[PDB]
Amino acid sequence: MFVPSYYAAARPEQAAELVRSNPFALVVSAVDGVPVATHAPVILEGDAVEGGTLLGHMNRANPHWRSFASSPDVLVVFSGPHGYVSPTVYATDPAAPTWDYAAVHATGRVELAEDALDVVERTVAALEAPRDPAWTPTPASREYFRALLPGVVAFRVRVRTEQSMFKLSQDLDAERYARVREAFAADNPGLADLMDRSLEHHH
Amino acid sequence: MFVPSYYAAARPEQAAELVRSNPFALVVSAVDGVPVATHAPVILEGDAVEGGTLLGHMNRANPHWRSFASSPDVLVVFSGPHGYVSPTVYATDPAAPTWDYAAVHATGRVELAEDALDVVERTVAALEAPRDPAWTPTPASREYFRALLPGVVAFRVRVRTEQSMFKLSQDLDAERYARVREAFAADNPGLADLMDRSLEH
Ligand code: HEM
Ligand code: HEM
């Protein structure tokens, strides 16, 4: 990923807010030199992505994790809101399209996590916390978790580098920008909100 | 990606339909044993993903493409609708959460494309065709596209293998499935529509 200056994160906390808000991530590694990816829920331990630790799990029948000893460099991609920008919105002739989006790329070394039960219980709490009501596992469900454990492989990524893209049209002048934002406000309110947050000076 | 049989595509054209409906893809390669990914619009040439050809473009100032020159294997991930499934929706105890989603992974050899104008113009046509209304490039915009070409790098992927995941709660019993579909109907209609199409014929 390459990040033009206009699409850099405005504030250092924005990468971590995106990661926490979008836990269904893409875990990418090199299996015999070719890329392989698994969609998995991944949570963040720590205040910042860079230097932080990611915790995830996948199916033990998914052979992807068997590579995590011989090829330990991994990339985890977290994806926020996104949307196509049609030249129709600009209302200018000569124009060209683009796609607006925010994403965080965390690269580091992967390792298997012995305490798989901890990883999945922490994932439950993190993903249920924004919901009302939140689901809290009963004793019967924690016992069920224990019965399920042979089928899971948990893992940790110690994040060495992070890269964040907030490609949200901030290069546009106000008239073309207003038109982009108004088009997303109707059909993609999450993206419009991200655009609003990208313009903040402090909060 | 590992695809359990009950989350496989029900019809062989469903993978191609997902690719065409979700063209903003993730293009992944190995730049010195480390995975590097770029988000880019990618379209499908052919009736099927496997054996088909993917066409995309990225920023020439994005150094990612410089690793394509040796024609390494690339992975292109197309992601459809997705949504978290909270056990609250099941309304049954012993339970555990999951995440429902559909995605297509295409792996093959990447080639730099000399015909970058054709790639970007075909991408325009493919992305605009279902919008209402569709944008129709004017002669001025076609001349603009030519002027922009130095700044773009286009590429082809010959798809050697493909995996398609339609993880859409097909394994739930009838009462729990209905709860999940009903819950997504309200807050994620694109995902609910995908579940409907997964059970049809
Ligand atoms: C907290 C939210 C959770 C989410 C969003 C989630 C999601 C997922 C996903 C997407 C997969 C597929 C991974 C792959 O393709 O390799 C998976 C696999 C698996 N997860 Fe989780 N999971 C959650 C919690 C749990 C808990 C608490 C357990 C208890 C041990 C668990 C046990 C498993 C097992 C056994 C599998 C293997 C496939 C299966 O049996 O369904 N998960 N999970
Ligand atoms: C059809 C829908 C299109 C979409 C969704 C789209 C989207 C994008 C995206 C996401 C990037 C950044 C890639 C990166 O990070 O490396 C990009 C770069 C670029 N695209 Fe496209 N594009 C489209 C059509 C076109 C057309 C017709 C042209 C005409 C030549 C063009 C020219 C460029 C150029 C010059 C760049 C690099 C410089 C820049 O980003 O402004 N694109 N495009």
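Letters go in sequence order (proteins before strands), and every chain restarts at 1. Atoms within a ligand are numbered from 1 in the order they appear, just like the ligands themselves.
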Tabulation required: pairs of a nitrogen or oxygen in ligand 2 and a protein nitrogen or oxygen under 3.5 Å; columns are atom names and distance to 0.1 Å; otherwise 'none'.
| residue | atom | partner | partner atom | Å |
| --- | --- | --- | --- | --- |
| ligand 2 | 16 (O) | B/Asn59 | N | 2.9 |
| ligand 2 | 16 (O) | B/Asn62 | ND2 | 3.1 |
| ligand 2 | 20 (N) | B/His57 | NE2 | 3.1 |
| ligand 2 | 22 (N) | B/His57 | NE2 | 3.1 |
| ligand 2 | 42 (N) | B/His57 | NE2 | 3.1 |
| ligand 2 | 43 (N) | B/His57 | NE2 | 3.1 |

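Taking CD of A/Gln163 as the start and CE of A/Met165 as the end, the distance is 8.0 Å to the nearest 0.5 Å.
By the 4.0 Å N-to-carboxylate-O rule, B/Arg122 lies close enough to B/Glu45 to be salt-bridged with it. Salt bridge B/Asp100/B/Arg181: absent, no basic N to carboxylate O contact under 4.0 Å.
Applying the side chain to side chain donor-acceptor pair (under 3.5 Å) rule to pairs touching residues 80-90 of chain B yields A/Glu128-B/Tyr84, A/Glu128-B/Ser86, B/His82-B/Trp99, B/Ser86-B/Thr88, sequence neighbours excluded.
Residues satisfying the salt bridge (charged side-chain N to carboxylate O under 4.0 Å, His left out) criterion with B/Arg142, sequence neighbours excluded, are B/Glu121. Contacts of B/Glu175 classified as salt bridge (charged side-chain N to carboxylate O under 4.0 Å, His left out), with partners at least two apart in sequence or in another chain: none.
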